[PDB]
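K.L.:
First the structure, which I've put down as structure tokens, then a few questions once you've had a look.
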There are 2 protein chains.
Amino acid sequence: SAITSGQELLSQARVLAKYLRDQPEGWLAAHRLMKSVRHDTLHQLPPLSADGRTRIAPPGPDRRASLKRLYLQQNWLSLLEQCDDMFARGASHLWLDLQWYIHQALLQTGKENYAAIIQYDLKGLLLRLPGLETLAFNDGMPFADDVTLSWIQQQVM
Amino acid sequence: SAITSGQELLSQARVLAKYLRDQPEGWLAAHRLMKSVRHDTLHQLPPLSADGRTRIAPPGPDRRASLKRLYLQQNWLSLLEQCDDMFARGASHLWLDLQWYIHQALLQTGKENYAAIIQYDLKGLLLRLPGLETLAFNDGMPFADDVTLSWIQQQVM
């Protein structure tokens, strides 16, 4: 709960973000608080890269199939809410596709100004950690697939 | 400490940010956590605007003269540390000049990638609240002066 146990900072930040989400139109605040506590804490290029793959475990087939279902079902509000839980429960969530899912849901929900911020937030992270966009997980699953990497290199820069 | 007392969220966020700042190279994380908890919580154009001036009180001559001294003394590291305390103890800190001070210190400290993020962060806020850049406090003191507003309209957009 102090100095060591960064794990405990993440859990204390989670309860702080839970508060903000419950408040009127406080999604962004709640969302962006996790982005700063997870992305702005990573200053190392790789963590570590083995023979191609990073030692970082993929998101999990259960939860990643659950998001494809919500996208197909065009249920933006639930997809948006489920992406945040996924970002909190994983590996700094370098599953960059999650950001694309949020972006798509924000465009389809009409919140265009919010969707622009998401792009800027990601641009900043990738400015700091260059090769991050192009890396892959344990199983070989990329952090960013064809559809999302396309969006990164020509829409977010 | 829950639902009501957003004041108590700010104090709990402050202790969370204090942790991050103490960690190696965790300034940004600490900084950006305050930006999300203070700026991303404001969705209203003005709060409220009277006959020109907003009902929002200025930063305080004591602390704003203290920052000019540090800028003149070119003590970037202390200015950067003092701007964060100022952002936490004030009115959502719409004292936009604070962001310019941080930006200048980040450029002079060499952390160019960090300084770019600061600009993007501000761009997002001003995208959400348009007229914010051009408003003024109780005494008539603008949120952004000539030197900083110049930086906003042609460097941050």
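Order determines the names: the first chain of the structure tokens is A, the second B, and so forth; residues in each chain are numbered 1 upward, and ligands are numbered 1 upward as they are shown.
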I'd like the superposed copy of chain B - fitted to chain A by least squares over all paired Cα atoms - as a CSV table (one decimal) with N, CA and C atoms, in the first residue's frame.
P.N.:
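What ended up in selection29.csv:
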```csv
chain,number,residue,atom,x,y,z
B,1,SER,N,0.8,-1.2,0.0
B,1,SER,CA,0.0,0.0,0.0
B,1,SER,C,0.9,1.3,0.0
B,2,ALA,N,2.2,1.2,-0.1
B,2,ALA,CA,3.2,2.2,-0.1
B,2,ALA,C,4.5,1.7,-0.6
B,3,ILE,N,5.3,2.6,-1.3
B,3,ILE,CA,6.7,2.4,-2.0
B,3,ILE,C,6.7,1.1,-2.9
B,4,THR,N,6.8,0.0,-2.2
B,4,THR,CA,6.7,-1.3,-2.9
B,4,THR,C,5.2,-1.6,-3.1
B,5,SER,N,4.9,-2.8,-3.7
B,5,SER,CA,3.5,-3.2,-4.1
B,5,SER,C,2.8,-2.2,-5.0
B,6,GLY,N,3.4,-2.1,-6.2
B,6,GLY,CA,2.8,-1.3,-7.3
B,6,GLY,C,1.5,-1.9,-7.7
B,7,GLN,N,1.4,-3.2,-7.4
B,7,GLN,CA,0.2,-4.1,-7.6
B,7,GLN,C,-0.9,-3.4,-6.8
B,8,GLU,N,-0.5,-2.9,-5.5
B,8,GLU,CA,-1.5,-2.3,-4.6
B,8,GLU,C,-1.8,-0.9,-5.0
B,9,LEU,N,-1.0,-0.2,-5.8
B,9,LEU,CA,-1.3,1.1,-6.4
B,9,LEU,C,-2.4,0.9,-7.5
B,10,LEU,N,-2.2,-0.2,-8.3
B,10,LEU,CA,-3.2,-0.6,-9.3
B,10,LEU,C,-4.6,-0.9,-8.8
B,11,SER,N,-4.7,-1.5,-7.6
B,11,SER,CA,-5.9,-1.8,-7.0
B,11,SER,C,-6.6,-0.6,-6.3
B,12,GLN,N,-5.8,0.3,-5.8
B,12,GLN,CA,-6.2,1.6,-5.2
B,12,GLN,C,-6.7,2.5,-6.2
B,13,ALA,N,-6.0,2.5,-7.4
B,13,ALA,CA,-6.4,3.3,-8.6
B,13,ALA,C,-7.7,2.8,-9.2
B,14,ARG,N,-7.9,1.4,-9.2
B,14,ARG,CA,-9.1,0.8,-9.7
B,14,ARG,C,-10.3,1.3,-8.9
B,15,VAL,N,-10.2,1.4,-7.6
B,15,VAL,CA,-11.3,1.8,-6.7
B,15,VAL,C,-11.6,3.3,-6.9
B,16,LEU,N,-10.6,4.1,-7.2
B,16,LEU,CA,-10.6,5.5,-7.5
B,16,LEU,C,-11.3,5.7,-8.8
B,17,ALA,N,-11.0,4.9,-9.9
B,17,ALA,CA,-11.6,4.9,-11.2
B,17,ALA,C,-13.0,4.5,-11.1
B,18,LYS,N,-13.4,3.5,-10.3
B,18,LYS,CA,-14.7,3.0,-10.1
B,18,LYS,C,-15.7,4.1,-9.6
B,19,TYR,N,-15.2,5.0,-8.7
B,19,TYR,CA,-15.9,6.1,-8.2
B,19,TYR,C,-16.3,7.0,-9.4
B,20,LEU,N,-15.3,7.5,-10.1
B,20,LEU,CA,-15.4,8.4,-11.3
B,20,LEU,C,-16.4,7.9,-12.4
B,21,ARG,N,-16.3,6.6,-12.7
B,21,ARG,CA,-17.2,6.0,-13.7
B,21,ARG,C,-18.7,6.1,-13.3
B,22,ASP,N,-19.0,5.9,-12.0
B,22,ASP,CA,-20.3,6.0,-11.4
B,22,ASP,C,-20.9,7.4,-11.5
B,23,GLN,N,-20.0,8.5,-11.5
B,23,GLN,CA,-20.4,9.9,-11.5
B,23,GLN,C,-21.0,10.2,-12.9
B,24,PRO,N,-21.9,11.3,-13.1
B,24,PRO,CA,-22.4,11.6,-14.4
B,24,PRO,C,-21.3,12.0,-15.4
B,25,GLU,N,-21.4,11.3,-16.6
B,25,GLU,CA,-20.5,11.5,-17.7
B,25,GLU,C,-19.0,11.4,-17.4
B,26,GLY,N,-18.7,10.7,-16.3
B,26,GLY,CA,-17.3,10.5,-15.9
B,26,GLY,C,-16.6,9.3,-16.4
B,27,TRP,N,-16.9,8.8,-17.6
B,27,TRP,CA,-16.3,7.6,-18.2
B,27,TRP,C,-14.8,7.9,-18.5
B,28,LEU,N,-14.6,9.0,-19.3
B,28,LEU,CA,-13.3,9.5,-19.7
B,28,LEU,C,-12.4,9.6,-18.6
B,29,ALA,N,-12.7,10.4,-17.5
B,29,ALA,CA,-11.9,10.5,-16.3
B,29,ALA,C,-11.4,9.2,-15.8
B,30,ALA,N,-12.4,8.2,-15.6
B,30,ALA,CA,-12.2,6.9,-15.2
B,30,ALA,C,-11.3,6.1,-16.1
B,31,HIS,N,-11.5,6.2,-17.4
B,31,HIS,CA,-10.7,5.6,-18.5
B,31,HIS,C,-9.3,6.0,-18.5
B,32,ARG,N,-9.2,7.4,-18.6
B,32,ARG,CA,-7.9,8.0,-18.8
B,32,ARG,C,-7.0,7.9,-17.5
B,33,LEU,N,-7.6,7.6,-16.4
B,33,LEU,CA,-6.9,7.5,-15.1
B,33,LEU,C,-6.1,6.1,-15.1
B,34,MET,N,-6.7,5.1,-15.8
B,34,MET,CA,-6.1,3.8,-15.9
B,34,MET,C,-5.0,3.9,-16.9
B,35,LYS,N,-5.3,4.6,-18.1
B,35,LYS,CA,-4.3,4.8,-19.1
B,35,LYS,C,-3.0,5.4,-18.5
B,36,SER,N,-3.1,6.5,-17.7
B,36,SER,CA,-1.9,7.1,-17.1
B,36,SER,C,-1.2,6.2,-16.1
B,37,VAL,N,-2.0,5.4,-15.3
B,37,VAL,CA,-1.5,4.5,-14.3
B,37,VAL,C,-0.9,3.2,-14.9
B,38,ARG,N,-1.2,2.9,-16.1
B,38,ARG,CA,-0.7,1.7,-16.7
B,38,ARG,C,0.3,1.9,-17.8
B,39,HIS,N,0.1,2.9,-18.7
B,39,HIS,CA,0.9,3.3,-19.8
B,39,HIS,C,2.1,4.2,-19.4
B,40,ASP,N,1.8,5.2,-18.6
B,40,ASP,CA,2.8,6.2,-18.2
B,40,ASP,C,3.8,5.7,-17.1
B,41,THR,N,3.6,4.4,-16.7
B,41,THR,CA,4.4,3.7,-15.8
B,41,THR,C,5.4,2.8,-16.5
B,42,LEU,N,5.2,2.7,-17.9
B,42,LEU,CA,6.1,1.9,-18.7
B,42,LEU,C,7.0,2.7,-19.5
B,43,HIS,N,8.3,2.7,-19.2
B,43,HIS,CA,9.3,3.4,-19.9
B,43,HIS,C,10.3,2.6,-20.7
B,44,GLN,N,10.1,1.2,-20.6
B,44,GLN,CA,11.0,0.2,-21.2
B,44,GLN,C,10.4,-0.4,-22.4
B,45,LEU,N,11.1,-0.2,-23.6
B,45,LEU,CA,10.8,-0.6,-25.0
B,45,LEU,C,10.0,-1.9,-25.2
B,46,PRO,N,10.2,-2.9,-24.3
B,46,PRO,CA,9.8,-4.3,-24.6
B,46,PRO,C,8.9,-5.0,-23.6
B,47,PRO,N,8.9,-4.5,-22.4
B,47,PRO,CA,9.6,-5.2,-21.3
B,47,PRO,C,10.8,-6.0,-21.7
B,48,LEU,N,10.6,-7.2,-22.2
B,48,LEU,CA,11.7,-8.1,-22.7
B,48,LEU,C,11.2,-8.8,-23.9
B,49,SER,N,12.1,-9.0,-24.9
B,49,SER,CA,11.8,-9.7,-26.1
B,49,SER,C,12.7,-10.9,-26.3
B,50,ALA,N,12.1,-12.2,-26.4
B,50,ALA,CA,12.8,-13.4,-26.6
B,50,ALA,C,13.0,-13.6,-28.1
B,51,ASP,N,12.8,-14.8,-28.7
B,51,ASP,CA,13.0,-15.1,-30.1
B,51,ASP,C,11.7,-14.8,-30.9
B,52,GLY,N,11.5,-13.4,-31.0
B,52,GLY,CA,10.4,-12.8,-31.6
B,52,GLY,C,9.4,-12.3,-30.6
B,53,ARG,N,8.7,-13.2,-30.0
B,53,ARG,CA,7.7,-13.0,-29.0
B,53,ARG,C,8.2,-12.4,-27.7
B,54,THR,N,7.3,-11.6,-27.0
B,54,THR,CA,7.6,-11.0,-25.7
B,54,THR,C,7.2,-12.1,-24.7
B,55,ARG,N,7.8,-12.0,-23.5
B,55,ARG,CA,7.5,-12.9,-22.4
B,55,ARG,C,6.1,-12.7,-21.8
B,56,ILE,N,5.4,-11.6,-22.4
B,56,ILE,CA,4.0,-11.2,-22.0
B,56,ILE,C,2.9,-12.1,-22.5
B,57,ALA,N,2.1,-12.6,-21.6
B,57,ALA,CA,1.0,-13.5,-21.9
B,57,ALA,C,-0.2,-12.8,-22.7
B,58,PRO,N,-0.8,-13.5,-23.7
B,58,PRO,CA,-2.0,-12.8,-24.4
B,58,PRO,C,-3.2,-12.5,-23.5
B,59,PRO,N,-4.2,-11.7,-24.1
B,59,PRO,CA,-5.3,-11.4,-23.2
B,59,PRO,C,-6.2,-12.5,-22.7
B,60,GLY,N,-6.3,-13.6,-23.5
B,60,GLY,CA,-7.2,-14.7,-23.0
B,60,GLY,C,-8.4,-14.9,-24.0
B,61,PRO,N,-8.5,-16.1,-24.6
B,61,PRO,CA,-9.5,-16.3,-25.6
B,61,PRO,C,-10.9,-16.0,-25.2
B,62,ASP,N,-11.3,-16.4,-24.0
B,62,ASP,CA,-12.6,-16.2,-23.4
B,62,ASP,C,-13.1,-14.7,-23.5
B,63,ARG,N,-12.3,-13.8,-23.0
B,63,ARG,CA,-12.6,-12.3,-23.0
B,63,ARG,C,-12.4,-11.7,-24.3
B,64,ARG,N,-11.5,-12.1,-25.2
B,64,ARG,CA,-11.3,-11.5,-26.5
B,64,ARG,C,-12.4,-11.9,-27.5
B,65,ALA,N,-12.9,-13.1,-27.4
B,65,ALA,CA,-14.0,-13.6,-28.2
B,65,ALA,C,-15.3,-12.8,-27.8
B,66,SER,N,-15.5,-12.5,-26.5
B,66,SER,CA,-16.6,-11.7,-25.8
B,66,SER,C,-16.7,-10.3,-26.4
B,67,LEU,N,-15.5,-9.7,-26.8
B,67,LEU,CA,-15.5,-8.4,-27.4
B,67,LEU,C,-15.9,-8.4,-28.9
B,68,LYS,N,-15.5,-9.4,-29.6
B,68,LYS,CA,-15.8,-9.6,-31.0
B,68,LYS,C,-17.3,-9.7,-31.1
B,69,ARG,N,-18.0,-10.4,-30.2
B,69,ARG,CA,-19.4,-10.7,-30.1
B,69,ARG,C,-20.1,-9.3,-30.0
B,70,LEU,N,-19.7,-8.5,-29.0
B,70,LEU,CA,-20.2,-7.1,-28.7
B,70,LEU,C,-20.1,-6.2,-29.9
B,71,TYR,N,-19.0,-6.3,-30.7
B,71,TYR,CA,-18.7,-5.4,-31.8
B,71,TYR,C,-19.7,-5.8,-33.0
B,72,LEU,N,-19.8,-7.1,-33.2
B,72,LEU,CA,-20.7,-7.7,-34.2
B,72,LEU,C,-22.1,-7.3,-33.8
B,73,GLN,N,-22.5,-7.4,-32.5
B,73,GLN,CA,-23.8,-7.1,-32.0
B,73,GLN,C,-24.1,-5.6,-32.0
B,74,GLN,N,-23.0,-4.8,-32.4
B,74,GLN,CA,-23.0,-3.3,-32.4
B,74,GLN,C,-23.5,-2.7,-31.0
B,75,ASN,N,-23.3,-3.4,-29.9
B,75,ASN,CA,-23.6,-3.0,-28.6
B,75,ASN,C,-22.4,-2.2,-28.0
B,76,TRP,N,-22.3,-0.9,-28.5
B,76,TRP,CA,-21.2,0.0,-28.2
B,76,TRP,C,-21.0,0.3,-26.7
B,77,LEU,N,-22.1,0.6,-26.0
B,77,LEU,CA,-22.1,1.0,-24.6
B,77,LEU,C,-21.6,-0.1,-23.7
B,78,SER,N,-21.9,-1.4,-24.0
B,78,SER,CA,-21.4,-2.5,-23.2
B,78,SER,C,-19.9,-2.8,-23.6
B,79,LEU,N,-19.6,-2.7,-24.9
B,79,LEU,CA,-18.2,-3.0,-25.4
B,79,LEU,C,-17.2,-2.0,-24.7
B,80,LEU,N,-17.7,-0.7,-24.6
B,80,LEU,CA,-16.9,0.3,-24.0
B,80,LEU,C,-16.7,0.0,-22.5
B,81,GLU,N,-17.7,-0.4,-21.8
B,81,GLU,CA,-17.6,-0.8,-20.4
B,81,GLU,C,-16.8,-2.0,-20.1
B,82,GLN,N,-16.8,-3.0,-21.1
B,82,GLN,CA,-16.0,-4.2,-20.9
B,82,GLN,C,-14.6,-4.1,-21.3
B,83,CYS,N,-14.2,-3.1,-22.2
B,83,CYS,CA,-12.9,-2.8,-22.6
B,83,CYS,C,-12.1,-2.2,-21.4
B,84,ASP,N,-12.7,-1.4,-20.6
B,84,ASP,CA,-12.1,-0.8,-19.4
B,84,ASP,C,-11.7,-1.9,-18.3
B,85,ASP,N,-12.6,-2.9,-18.1
B,85,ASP,CA,-12.3,-4.0,-17.2
B,85,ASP,C,-11.2,-4.8,-17.7
B,86,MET,N,-11.1,-4.9,-19.0
B,86,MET,CA,-10.0,-5.7,-19.7
B,86,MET,C,-8.7,-5.0,-19.6
B,87,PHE,N,-8.7,-3.7,-19.6
B,87,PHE,CA,-7.5,-2.9,-19.6
B,87,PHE,C,-6.9,-3.0,-18.1
B,88,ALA,N,-7.8,-3.0,-17.1
B,88,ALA,CA,-7.4,-3.1,-15.7
B,88,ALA,C,-6.8,-4.5,-15.3
B,89,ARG,N,-7.4,-5.6,-16.0
B,89,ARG,CA,-7.0,-7.0,-15.6
B,89,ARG,C,-6.3,-7.7,-16.7
B,90,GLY,N,-5.0,-7.3,-16.9
B,90,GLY,CA,-4.1,-7.8,-17.9
B,90,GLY,C,-2.7,-7.3,-17.8
B,91,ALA,N,-1.9,-7.4,-18.9
B,91,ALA,CA,-0.5,-7.0,-18.9
B,91,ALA,C,-0.2,-5.5,-19.3
B,92,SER,N,-0.4,-4.5,-18.4
B,92,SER,CA,-0.3,-3.0,-18.7
B,92,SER,C,-1.3,-2.6,-19.8
B,93,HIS,N,-2.0,-3.6,-20.3
B,93,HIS,CA,-2.7,-3.8,-21.5
B,93,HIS,C,-2.2,-3.0,-22.6
B,94,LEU,N,-1.3,-3.8,-23.3
B,94,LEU,CA,-0.6,-3.5,-24.5
B,94,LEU,C,-1.3,-4.2,-25.6
B,95,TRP,N,-2.5,-4.7,-25.3
B,95,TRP,CA,-3.5,-5.3,-26.3
B,95,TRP,C,-4.1,-4.0,-26.9
B,96,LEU,N,-3.3,-3.4,-27.9
B,96,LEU,CA,-3.6,-2.2,-28.6
B,96,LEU,C,-4.9,-2.2,-29.3
B,97,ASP,N,-5.4,-3.3,-29.7
B,97,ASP,CA,-6.7,-3.5,-30.3
B,97,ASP,C,-7.9,-3.0,-29.4
B,98,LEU,N,-7.7,-3.1,-28.1
B,98,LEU,CA,-8.6,-2.6,-27.1
B,98,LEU,C,-8.9,-1.1,-27.3
B,99,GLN,N,-7.9,-0.3,-27.6
B,99,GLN,CA,-7.9,1.1,-27.9
B,99,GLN,C,-8.7,1.4,-29.2
B,100,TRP,N,-8.6,0.5,-30.2
B,100,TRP,CA,-9.3,0.6,-31.4
B,100,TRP,C,-10.8,0.3,-31.2
B,101,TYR,N,-11.1,-0.7,-30.4
B,101,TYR,CA,-12.5,-1.1,-30.0
B,101,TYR,C,-13.2,0.1,-29.3
B,102,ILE,N,-12.5,0.7,-28.4
B,102,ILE,CA,-12.9,1.9,-27.6
B,102,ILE,C,-13.2,3.1,-28.6
B,103,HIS,N,-12.2,3.3,-29.6
B,103,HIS,CA,-12.3,4.3,-30.6
B,103,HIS,C,-13.5,4.2,-31.5
B,104,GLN,N,-13.8,2.9,-32.0
B,104,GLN,CA,-14.9,2.6,-32.8
B,104,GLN,C,-16.2,2.8,-32.1
B,105,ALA,N,-16.3,2.4,-30.8
B,105,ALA,CA,-17.5,2.5,-30.0
B,105,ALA,C,-17.8,4.0,-29.8
B,106,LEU,N,-16.7,4.8,-29.5
B,106,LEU,CA,-16.8,6.3,-29.3
B,106,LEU,C,-17.3,7.0,-30.5
B,107,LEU,N,-16.9,6.5,-31.7
B,107,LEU,CA,-17.3,7.2,-33.0
B,107,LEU,C,-18.8,6.8,-33.2
B,108,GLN,N,-19.2,5.6,-33.0
B,108,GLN,CA,-20.6,5.1,-33.2
B,108,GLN,C,-21.5,5.6,-32.1
B,109,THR,N,-21.0,6.0,-30.9
B,109,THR,CA,-21.8,6.5,-29.9
B,109,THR,C,-22.0,8.1,-30.1
B,110,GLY,N,-21.2,8.6,-31.0
B,110,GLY,CA,-21.3,10.0,-31.4
B,110,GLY,C,-20.3,10.9,-30.7
B,111,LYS,N,-19.7,10.5,-29.6
B,111,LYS,CA,-18.6,11.2,-28.8
B,111,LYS,C,-17.3,11.3,-29.6
B,112,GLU,N,-17.3,12.2,-30.6
B,112,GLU,CA,-16.2,12.4,-31.5
B,112,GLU,C,-15.0,13.1,-30.9
B,113,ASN,N,-15.2,14.0,-30.0
B,113,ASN,CA,-14.2,14.8,-29.3
B,113,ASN,C,-13.4,13.8,-28.4
B,114,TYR,N,-14.1,12.9,-27.7
B,114,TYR,CA,-13.6,11.8,-26.8
B,114,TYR,C,-12.7,10.9,-27.7
B,115,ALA,N,-13.2,10.4,-28.8
B,115,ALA,CA,-12.5,9.5,-29.7
B,115,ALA,C,-11.1,10.1,-30.3
B,116,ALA,N,-11.1,11.4,-30.4
B,116,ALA,CA,-9.9,12.1,-30.8
B,116,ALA,C,-8.8,12.0,-29.8
B,117,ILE,N,-9.2,12.2,-28.5
B,117,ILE,CA,-8.4,12.2,-27.3
B,117,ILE,C,-7.7,10.8,-27.2
B,118,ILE,N,-8.5,9.7,-27.4
B,118,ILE,CA,-8.0,8.3,-27.4
B,118,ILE,C,-6.8,8.1,-28.4
B,119,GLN,N,-6.9,8.7,-29.6
B,119,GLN,CA,-5.9,8.7,-30.6
B,119,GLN,C,-4.6,9.4,-30.1
B,120,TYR,N,-4.8,10.6,-29.5
B,120,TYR,CA,-3.7,11.4,-29.0
B,120,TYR,C,-3.0,10.7,-27.9
B,121,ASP,N,-3.7,10.0,-27.0
B,121,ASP,CA,-3.2,9.3,-25.8
B,121,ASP,C,-2.3,8.2,-26.3
B,122,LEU,N,-2.8,7.4,-27.3
B,122,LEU,CA,-2.0,6.3,-27.9
B,122,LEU,C,-0.8,6.9,-28.6
B,123,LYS,N,-0.9,8.0,-29.4
B,123,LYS,CA,0.2,8.6,-30.1
B,123,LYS,C,1.3,9.0,-29.1
B,124,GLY,N,1.0,9.5,-28.0
B,124,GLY,CA,2.0,9.8,-26.9
B,124,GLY,C,2.7,8.6,-26.4
B,125,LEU,N,2.0,7.5,-26.2
B,125,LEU,CA,2.6,6.2,-25.7
B,125,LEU,C,3.6,5.7,-26.7
B,126,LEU,N,3.2,5.6,-28.0
B,126,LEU,CA,4.0,5.1,-29.1
B,126,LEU,C,5.1,6.0,-29.5
B,127,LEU,N,5.0,7.3,-29.1
B,127,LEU,CA,6.1,8.3,-29.3
B,127,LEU,C,7.2,7.9,-28.3
B,128,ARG,N,6.8,7.6,-27.0
B,128,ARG,CA,7.7,7.1,-26.0
B,128,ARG,C,8.3,5.8,-26.2
B,129,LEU,N,7.5,4.8,-26.6
B,129,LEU,CA,7.9,3.4,-26.8
B,129,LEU,C,7.7,3.1,-28.3
B,130,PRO,N,8.7,3.3,-29.2
B,130,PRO,CA,8.5,3.2,-30.6
B,130,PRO,C,8.0,1.9,-31.2
B,131,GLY,N,8.8,0.9,-31.0
B,131,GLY,CA,8.5,-0.5,-31.6
B,131,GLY,C,7.3,-1.2,-30.9
B,132,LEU,N,6.7,-0.6,-29.9
B,132,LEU,CA,5.6,-1.2,-29.2
B,132,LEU,C,4.5,-1.7,-30.1
B,133,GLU,N,4.0,-0.8,-31.0
B,133,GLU,CA,3.0,-1.1,-32.0
B,133,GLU,C,3.1,-2.4,-32.8
B,134,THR,N,4.4,-2.8,-33.1
B,134,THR,CA,4.8,-3.9,-33.9
B,134,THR,C,5.2,-5.2,-33.2
B,135,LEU,N,5.2,-5.1,-31.8
B,135,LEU,CA,5.5,-6.3,-31.0
B,135,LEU,C,4.3,-7.4,-31.0
B,136,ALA,N,4.6,-8.6,-30.4
B,136,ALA,CA,3.6,-9.7,-30.2
B,136,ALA,C,3.8,-10.4,-28.9
B,137,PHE,N,2.7,-11.1,-28.5
B,137,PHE,CA,2.6,-11.8,-27.2
B,137,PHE,C,3.3,-13.2,-27.3
B,138,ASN,N,3.2,-14.0,-26.2
B,138,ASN,CA,3.7,-15.4,-26.0
B,138,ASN,C,3.3,-16.3,-27.2
B,139,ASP,N,2.0,-16.4,-27.5
B,139,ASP,CA,1.5,-17.3,-28.5
B,139,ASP,C,1.8,-16.8,-30.0
B,140,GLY,N,2.2,-15.5,-30.1
B,140,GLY,CA,2.5,-15.0,-31.4
B,140,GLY,C,1.5,-13.9,-31.9
B,141,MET,N,0.4,-13.8,-31.1
B,141,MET,CA,-0.7,-12.8,-31.3
B,141,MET,C,-0.1,-11.4,-31.2
B,142,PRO,N,-0.3,-10.6,-32.2
B,142,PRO,CA,0.3,-9.3,-32.2
B,142,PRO,C,-0.5,-8.3,-31.2
B,143,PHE,N,0.2,-7.3,-30.7
B,143,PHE,CA,-0.4,-6.3,-29.8
B,143,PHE,C,-1.4,-5.5,-30.7
B,144,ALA,N,-1.0,-5.3,-31.9
B,144,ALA,CA,-1.9,-4.6,-32.9
B,144,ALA,C,-2.0,-5.5,-34.2
B,145,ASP,N,-3.2,-5.8,-34.6
B,145,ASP,CA,-3.4,-6.6,-35.8
B,145,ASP,C,-3.5,-5.6,-37.0
B,146,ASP,N,-3.7,-6.2,-38.2
B,146,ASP,CA,-3.7,-5.5,-39.5
B,146,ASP,C,-4.7,-4.3,-39.5
B,147,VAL,N,-6.0,-4.5,-39.0
B,147,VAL,CA,-7.0,-3.5,-38.9
B,147,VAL,C,-6.6,-2.3,-38.0
B,148,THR,N,-6.0,-2.6,-36.8
B,148,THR,CA,-5.7,-1.6,-35.8
B,148,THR,C,-4.3,-0.9,-36.1
B,149,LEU,N,-3.3,-1.7,-36.6
B,149,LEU,CA,-2.0,-1.2,-37.0
B,149,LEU,C,-2.1,-0.1,-38.1
B,150,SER,N,-3.1,-0.4,-39.0
B,150,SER,CA,-3.4,0.4,-40.2
B,150,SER,C,-3.9,1.8,-39.7
B,151,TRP,N,-4.8,1.8,-38.7
B,151,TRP,CA,-5.4,2.9,-38.0
B,151,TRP,C,-4.3,3.7,-37.2
B,152,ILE,N,-3.2,3.0,-36.7
B,152,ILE,CA,-2.2,3.6,-36.0
B,152,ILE,C,-1.2,4.4,-36.9
B,153,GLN,N,-0.7,3.7,-37.9
B,153,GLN,CA,0.3,4.3,-38.8
B,153,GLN,C,-0.3,5.4,-39.7
B,154,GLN,N,-1.6,5.4,-40.0
B,154,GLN,CA,-2.0,6.5,-40.8
B,154,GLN,C,-3.1,7.4,-40.2
B,155,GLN,N,-3.8,6.9,-39.1
B,155,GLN,CA,-4.8,7.8,-38.5
B,155,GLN,C,-4.2,8.5,-37.2
B,156,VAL,N,-3.4,7.7,-36.4
B,156,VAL,CA,-2.9,8.3,-35.1
B,156,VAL,C,-1.5,8.8,-35.2
B,157,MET,N,-0.6,8.2,-36.1
B,157,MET,CA,0.8,8.6,-36.3
B,157,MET,C,1.7,8.3,-35.1
```
K.L.:
Mind the document's chain letters and residue numbers, and return as a PyMOL selection string the residues of chain B that DSSP labels alpha helix (DSSP H).
P.N.:
chain B and resi 6-22+27-39+61-72+76-88+97-108+112-128+146-151
